[PDB]
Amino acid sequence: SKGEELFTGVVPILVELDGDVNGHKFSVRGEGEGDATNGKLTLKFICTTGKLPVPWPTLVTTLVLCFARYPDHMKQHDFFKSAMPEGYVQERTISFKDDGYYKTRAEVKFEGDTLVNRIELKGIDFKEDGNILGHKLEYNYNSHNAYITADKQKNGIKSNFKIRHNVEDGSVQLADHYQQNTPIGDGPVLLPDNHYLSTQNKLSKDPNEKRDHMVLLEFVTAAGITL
């Protein structure tokens, strides 16, 4: 795709999320950079409204799959770059087992030289003293594979995958994601054969940052189609 030409080196990233979880209003700003050469993303996120009222790990998937590394023989299956620079909408429902759910609508697109992910997030039905509102999730992240399929009737892709969030008592909090993506522009996009993305996330803290924040290192690699 011509969009892939925008990704041959490191690109600056801006993430803006406004959220409303059980009426708790909050915002997150992230900045950093991504390189689809190696699938590497490095960002720092700040809760700009105070303490984040949900656990940082639960927002990772919401807070830029155009930076996934597609191997050469898979490049004709990279929907995400093919939609650039005009971008795509990424929508999810994320259901937390035995708890509430998030609904997210995001636009991922270039604004000048910067790849911007702007998200509106709504959470409802979260339980008082549950793992989300009660911040009972460990600050860490299990590596995961998520399968991508074409959605030809919407000129886009879809994906359903689970995140395992470790709870501090040794239990696991599942987060079941249903995802859809559709191009913003009317130009041609690549509709992929079935494949998956493999993702690792390292969550850390900036020792000099006093605000509630998350330092994230993410790798995303496409796989599942062979020579």
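Numbering starts at 1 and runs along the sequence shown.
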Of the deposited residues between residue 175 and residue 176, the number without coordinates is none
Higher avg CA temperature factor (73-81 vs 128-136, as deposited) belongs to 73-81
Higher of the two mean Cα B-factors (193-201, 53-61; per PDB record) comes from 193-201
Sorting the chain's modelled residues by C-alpha B-factor and splitting them into thirds places residue 99 in the middle
Split the chain's modelled residues into thirds by Cα B-factor; residue 188 lands in the highest
Binned into thirds over the chain's modelled residues, the C-alpha B-factor of residue 39 lands in the middle
Entry-reported C-alpha B-factor of residue 146 relative to its chain, by third, is middle
Residue 164: CA temperature factor from the record, placed by chain third, in the middle
